[PDB]
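So this one's two forms of a single chain, laid out as structure tokens and tagged structure 1 and structure 2.
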Structure 1
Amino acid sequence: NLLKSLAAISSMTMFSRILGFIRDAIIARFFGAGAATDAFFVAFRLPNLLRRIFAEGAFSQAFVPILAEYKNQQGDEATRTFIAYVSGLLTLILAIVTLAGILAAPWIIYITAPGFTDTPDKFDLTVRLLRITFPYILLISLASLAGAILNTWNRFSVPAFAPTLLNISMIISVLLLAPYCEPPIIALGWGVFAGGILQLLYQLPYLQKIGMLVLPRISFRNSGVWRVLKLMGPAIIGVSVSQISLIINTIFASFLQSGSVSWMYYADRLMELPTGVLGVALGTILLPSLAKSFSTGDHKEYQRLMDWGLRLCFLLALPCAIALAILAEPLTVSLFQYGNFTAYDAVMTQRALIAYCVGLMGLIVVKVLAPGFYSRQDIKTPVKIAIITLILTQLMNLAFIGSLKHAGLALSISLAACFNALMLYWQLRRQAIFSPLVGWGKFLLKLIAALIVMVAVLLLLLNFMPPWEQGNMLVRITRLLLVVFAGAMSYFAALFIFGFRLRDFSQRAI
């Protein structure tokens, strides 16, 4: 049951996600949304996101299958040797990249955030934070490799808990080290650094428990390393396209007023809060199922899995996007507006979040529909569609920046994701790969009715409540949780009244 899989993934990631939002709230309270946070987000978050794009789009899809074949077809000694050579090559490459990026950090910041050049102190702070960021890439890459090995041995709780330590270390660095750092946010940077270390050392004993903890070594003649490189080859183009798109979006953001990057960051975090599970969970668990369907010839199961993923997208991401748009002020004020995060920052974050809610659905649908081509050994069509999406994204950025500013950049990304999803779906329909099952009309009608009930309940409750800035954090968060509970319970109650049953949707998972 893939619904069971999504529940398990949610339960395993809950604690880390909660602490990540506590960390974001601490950052907002102590540093607000200004030049220092902009420098931190450009220097740390952008390289981390580029690294994650490369790791999940290229490295893992090549390393995990070869590791599983070593585990199942070869012995533990040959597998340990393969792991040692993999880790050694990764460590050497990332050490070279760390050195080169520390030496070239000013030009890196220059081309990724040109608008920062009119403020020399902000630029220097960004370059300094990037110089601290670069070793974290190597640390967190080794930690990710450990997590992948542990997942291959069916150990998912430990890697899903690992980022808790990063969040805790960042929080402690802000609370205890920021008063002693000359630019205070510098402490946060080191809190990330130590975090990486912790995330590694937390997973090393478990690696030793399964007999897969080995010293790294270098070898340019290992069969497995060449197998992984050959499988990594055809994904570099797809990785580079999304990397370039993110870099140009950052370039556009760098020319806006101080705080725009931070407002966008807080908005996208708020958007990720309820739907962080579905996005990646559905994709990673649907790709192997559809691959097996296509290999066995069971086209009915392929169609049913795809249709179930799409219907779950409609059933869970749509109400979240609508409710996030409606509750933008309650969310921003109850979660962020404390200390140096002012009401102005709250309003700007609300604008960006409302812009992001338009494309939440496009993102969740893209992550489900891309395996429709990936499972059939088709990397070319998603890359073509992604190139077109990049072109449209930059066109809309150029058109929207002067008037809508940061919110306009967010809306550009949202519309681009929407049309990315639509192009993927229309390609699937065109090649006769997928055709939806019967009963989408009644499904959508009941969905619309439940959504109307939810919106009515939300607006009714919001019309009765005092200004959200009055009251301390306890009061605000209690009110927000109560309103969210009422909205969600009304939505699911309407869904049940109109015929939706949990058993019936679980049967479509498998």
Structure 2
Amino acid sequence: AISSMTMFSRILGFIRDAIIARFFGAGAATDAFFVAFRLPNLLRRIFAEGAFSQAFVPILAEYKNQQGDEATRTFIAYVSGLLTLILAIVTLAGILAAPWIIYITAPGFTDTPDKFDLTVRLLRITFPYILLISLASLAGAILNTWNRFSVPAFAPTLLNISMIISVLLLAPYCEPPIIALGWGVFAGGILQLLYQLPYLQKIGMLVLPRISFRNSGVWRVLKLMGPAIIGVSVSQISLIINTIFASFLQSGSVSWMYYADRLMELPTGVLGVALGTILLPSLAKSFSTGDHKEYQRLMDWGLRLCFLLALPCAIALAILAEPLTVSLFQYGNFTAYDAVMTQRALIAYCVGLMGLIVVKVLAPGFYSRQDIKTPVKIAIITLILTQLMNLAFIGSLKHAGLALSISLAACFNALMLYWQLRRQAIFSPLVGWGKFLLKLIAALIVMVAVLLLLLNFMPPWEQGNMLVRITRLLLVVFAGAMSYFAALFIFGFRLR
């Protein structure tokens, strides 16, 4: 369900990314678009996922299960109304203050004033999407409360489609061509909304928004939002300051980081969705029922699974950074220089894939423990270490150093959450990790050896059509995966 539609969305997101790279490359225009659209949406996502979504899903289901459909319709009406009012005000203030928002977020764009102007213009086109995508994600949250998961998963396909179409059709018309993306995004917003509204009507939860300050449920969802806003703020501030750092770097830095991060995202989302259906449900159940012993059992199996699957992915992405970048991005305005810079950023990002997967495996269980004080402390530490690693790595490695900083920060964040579990006896690993790690290390050595060998005997990656390059890429990915799994088979792990 989710596993099929959210990954169709994934190839279309990656296809739109390749289209962007092909048509606009990695430079001033693409830098401006990323700071203008991606950075505000990421702040918005952090806020909604960290505070609004966490508060909204329990209260909504609690209405749905303990009160009628009419009471739930009224709750949803007042929630969507207050959301729309706040976001309309927020959007209006943002379009007015856009030059100051770009100045604070990306100070270094001021050196090319025309680039700063495009970033401001694109934020003005972009900003209405915040409203649209928030309404669409509220729709999707409601539908998920009604156990309809495939529609909200498929919904971002419409954004990807809209952006691809705006690039292919509207870009030559638009006077700065990447302006077209904005409108695609805009159309995308509307489409993502329009697609989900009838399904909402299907469950009788499509209702005209309405404003009130007396609703008990609205104040409940406002109260559970409170303690999470400090951590949301930490994460937002860190991301803002990272962008500030990158803004002083050479044009394309933001775009190179973006492309590397998407390349690196690609398998990590697969693994995250897959472990979120194999492991997290049973972990949540074990924590809710108070079964400590078998919670440890799953925690250990899941951490071993993380080492078994995220490590080979990270190392393979590092070894295959040029194959991947050249085969998936190096067309049109994406030059060979852009490909090298993206390769470096991708090698840097590979360090933190492990930290990402483990943060997603450990963080469920703290929000369930209702311990937010120690994660907000961990988040402040992660901020401090991130900004410090930025100062340290920016001069020597530039954008790659900023990517290394983000990666190592994710590593330390996961490590600190694990240390909190270890100190409070929340988790203690099972015996036999040592020989298990040795098995991994041998299998990784075999995999990397086979990959290096093949690459020495395989053509220059720039040479060929996209069919040819992606065929070669898939051939080496297959040989590497096969060889890693064959080394593992000799060691053991015959069944899961």
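Along the sequence of structure 1, residues get numbers from 1 upward. Superpose the two forms; the largest set of C-alphas matching within 1.5 Å is the rigid core.
Superposing the rigid core between structure 1 and structure 2 leaves a single residue from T152, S289, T164, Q394 with a C-alpha shift of at least 2 Å: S289. The two forms, fitted on the rigid core, differ between structure 1 and structure 2 by less than 2 Å at the CA of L19. Once the cores line up, the CA of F443 ends up 2 angstroms or more apart between structure 1 and structure 2.
Annotation: Cα of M306 displaced by at least 2 Å between structure 1 and structure 2, core superposition. For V280, the displacement of the CA atom between structure 1 and structure 2, after superposition on the rigid core, amounts to 6.5 Å. Core-based alignment between structure 1 and structure 2 gives a C-alpha movement of 2.6 Å at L495.
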